[PDB]
Amino acid sequence: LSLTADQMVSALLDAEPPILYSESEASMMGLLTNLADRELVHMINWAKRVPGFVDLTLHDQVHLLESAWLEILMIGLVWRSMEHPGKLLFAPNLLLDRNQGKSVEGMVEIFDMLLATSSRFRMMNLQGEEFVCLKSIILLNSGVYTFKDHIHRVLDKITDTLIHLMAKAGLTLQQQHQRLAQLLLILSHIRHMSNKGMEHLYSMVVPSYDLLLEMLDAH
Amino acid sequence: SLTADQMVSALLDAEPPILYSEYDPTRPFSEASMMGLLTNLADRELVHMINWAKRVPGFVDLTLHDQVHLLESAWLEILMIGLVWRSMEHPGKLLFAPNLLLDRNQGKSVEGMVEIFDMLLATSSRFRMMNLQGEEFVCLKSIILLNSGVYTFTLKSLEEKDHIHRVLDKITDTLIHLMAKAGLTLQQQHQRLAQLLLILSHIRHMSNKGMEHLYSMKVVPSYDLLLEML
Ligand SMILES: C[C@@H]1CCCN1CCOc1ccc([C@@H]2c3ccc(O)cc3CC3(CC3)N2C(=O)c2ccccc2)cc1
Ligand SMILES: C[C@@H]1CCCN1CCOc1ccc([C@@H]2c3ccc(O)cc3CC3(CC3)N2C(=O)c2ccccc2)cc1
């Protein structure tokens, strides 16, 4: 928690996970599940480098990941897809349009929510520095109300860093707090998407505690 | 055109009343009748919710279709935050009505009910830990009304989404103003703004899980109902 805002941004940029590649309608769902399964491991490695995360007990680290993992997968998809209007870039070799998501019942409703988030990011010209902060807030915030001071300390630190990023970009104080608010209000829609996404996945899948624990690779 | 103080005044004057459950000293409380009472209460609350929304500055500038879509997306979240607010001064309890005050042991009678009850209690506890102020509450409720449905909506649509973000920006200015007036540094102002807006994610999560629970008993106010009221 002693890092400067610049050191925080640099830490988070450095921790970014790699973009993974993909392995008919039937094959489409299998490719998407296999991709998500392989990304999860890299998400766990990313989480361990979010300043302050590894200060939590392993139990609490797992609970946070249980709560945030689908939200983190979607905000990364939305980020990857931001410069591909009307499409979603699941992988460099798996670019899909909404028309491909019509074969499965209830798939296109989420496809559209994801596209709308990408359009919102495009409208706001979301910067990579702001995205890695938002993704860190999702990790620390999503499970906090379902288990504390340390989590809120880290969250306050990320808030400071987001403000610092905006003042550094020349925003007035008013524009700083309006942009902060706008970014955080997107997190409510990402929670909504994650909830509707879970319902859809169950309509056809949660990582177990032991699985997340093992990937954390305790020492 | 409103100032921050003017925005606070409008939102405070728009606040709906606290409604009651039925009184009958000959009728002891029973858990078999609890869901009927809560449904009756929520249905009455929805009517006042419509007339509150029409007084949230900028809300009636939208088309009726988009007013309905926003209410469709936010109505349960608004009932839930109202419940949480009413319960804030009553640890361990949910104050559905002043004469309908329940603890979690009374929320175990129905499957999946205690989980949502546990979440509502935790949000109430969070409101206390922050010493959430009434002026801040009505701003948060307004943000839910304008924000919940805006990512799920043509040239008219672009104009109304622009309007909605302009009203949301003014409520942000108002929240900050209230925090500066209370004597917080800017660091504390930014940090508190963030803490408040992050609670809205949990309120959305609760709304989703509560929808699932409502459909599990077998629910939504129809478009024509909401339109007629609006
Ligand atoms: C990972 C867990 C652990 C235990 C087993 N689980 C495996 C199943 O969960 C998952 C998780 C995610 C997806 C994909 C996937 C993959 C990669 C990505 O970056 C993002 C996504 C996004 C996502 C929406 C959520 N999705 C879909 O298909 C989808 C997209 C659009 C509309 C409807 C649906 C598939 C399956
Ligand atoms: C309004 C719709 C439109 C068309 C018909 N109505 C349909 C009924 O939907 C409703 C809506 C809300 C509730 C209550 C109710 C009432 C008042 C309140 O202030 C708040 C709440 C909170 C709420 C959780 C959401 N709830 C429950 O019972 C509950 C609480 C705890 C755990 C599990 C369940 C009942 C029924």
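Throughout, read-outs are computed from the coordinates displayed, never taken from laboratory work. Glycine gets a Cβ as well: all are built from the backbone with ideal geometry, and neighbour counts include every protein chain shown.
A few remarks follow.
- Within the stretch B:177-198, not a single residue is over 28 Å from residue A:5 (Cα atoms), out of contact with any strand residue (DSSP E or B) (no Cβ under 7 Å at 6 or more places or on another chain) and facing chain A (nearest Cβ under 10 Å).
- Residue within the stretch A:47-54 that is surrounded by 14 or more Cβ atoms within 10 Å (Cβ to Cβ), under 26 Å from residue A:202 (Cα atoms) and within 13 Å of ligand 1 (Cβ to nearest atom) present: no
- Residues that are of a type in the set (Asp, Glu) and not in a helix (DSSP H, G or I) were ranked within the stretch A:8-46; the one that is farthest from ligand 1 (Cβ to nearest atom) is A:16.
- Residue within the stretch A:81-99 that is more than 10 Å from ligand 1 (Cβ to nearest atom), assigned to a helix (DSSP H, G or I) and not aliphatic (A, V, I, L, M) present: yes
- Selected residue (only one of A:125, A:141, A:195 is within 16 Å of ligand 2 (Cβ to nearest atom) and either buried (at least 19 other Cβ atoms within 10 Å of the Cβ) or among the polar types (S, T, N, Q) (or both)): A:195
- Restricting attention to the stretch B:107-143, the residues being of a type in the set (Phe, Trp, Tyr) and under 30 Å from residue B:173 (Cβ atoms) number 2.
- Of all the criteria given as (1) among the hydrophobic types (A, V, I, L, M, F, W, C); (2) assigned to a helix (DSSP H, G or I); (3) farther than 22 Å from residue A:78 by Cβ, the one not satisfied by residue A:171 is (2).
- Odd one out for residue B:103 among (1) crowded, with 21+ Cβ neighbours inside 10 Å; (2) over 23 Å from residue B:194 (Cα atoms): (1)
Rundown of residues vs (1) small (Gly, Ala, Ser); (2) surrounded by fewer than 18 Cβ atoms within 10 Å (Cβ to Cβ); (3) under 25 Å from residue A:129 (Cβ atoms), yes/no style:
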site	(1), (2), (3)
A:21	no, yes, no
A:30	yes, yes, no
A:43	no, no, yes
A:64	no, no, yes
A:67	yes, no, yes
A:75	no, no, yes
A:81	yes, no, yes
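- Residue count for the stretch B:204-214, restricted to those that are closer than 17 Å to residue B:82 by Cβ and more than 8 Å from every other protein chain (Cβ to nearest Cβ): 5
- Single residue of the stretch A:160-172 satisfying the filter (surrounded by fewer than 20 Cβ atoms within 10 Å (Cβ to Cβ) and in contact with a helix residue (DSSP H, G or I) (Cβ under 7 Å, 6 or more places away or on another chain)) that is farthest from the other protein chains (Cβ to nearest Cβ): A:171
- Among residues of the stretch B:109-121 being surrounded by fewer than 19 Cβ atoms within 10 Å (Cβ to Cβ) and within 10 Å of chain A (Cβ to nearest Cβ), the one that is nearest to residue B:215 (Cα to Cα) is B:115.
- Residue B:11 being within 22 Å of residue B:226 (Cβ to Cβ), near ligand 2 (Cβ under 10 Å from one of its atoms), of a type in the set (A, V, I, L, M, F, W, C) and out of contact with any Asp or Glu (no Cβ under 7 Å at 6 or more places or on another chain): no
- Among the candidates B:124, B:157, B:142, the residue that is more than 10 Å from every other protein chain (Cβ to nearest Cβ), part of a helix (DSSP H, G or I) and touching a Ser or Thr at 6+ places or on another chain (Cβ under 6 Å) is uniquely B:124.
- The residue that is farthest from ligand 2 (Cβ to nearest atom), counting only those in the stretch A:105-122 that are β-branched (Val, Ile, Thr) and within 17 Å of the chain's Cα centre (by Cα), is A:117.
- First in the stretch A:186-211 and of a type in the set (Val, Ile, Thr), second anywhere and within 8 Å of ligand 1 (Cβ to nearest atom) and in a helix (DSSP H, G or I), Cβ under 9 Å, 6 or more apart: A:190/A:74; A:205/A:33; A:206/A:69; A:206/A:70
- Whichever residue in the stretch B:198-230 is surrounded by 14 or more Cβ atoms within 10 Å (Cβ to Cβ) and among the polar types (S, T, N, Q) and, among such residues, is nearest to ligand 1 (Cβ to nearest atom): B:208
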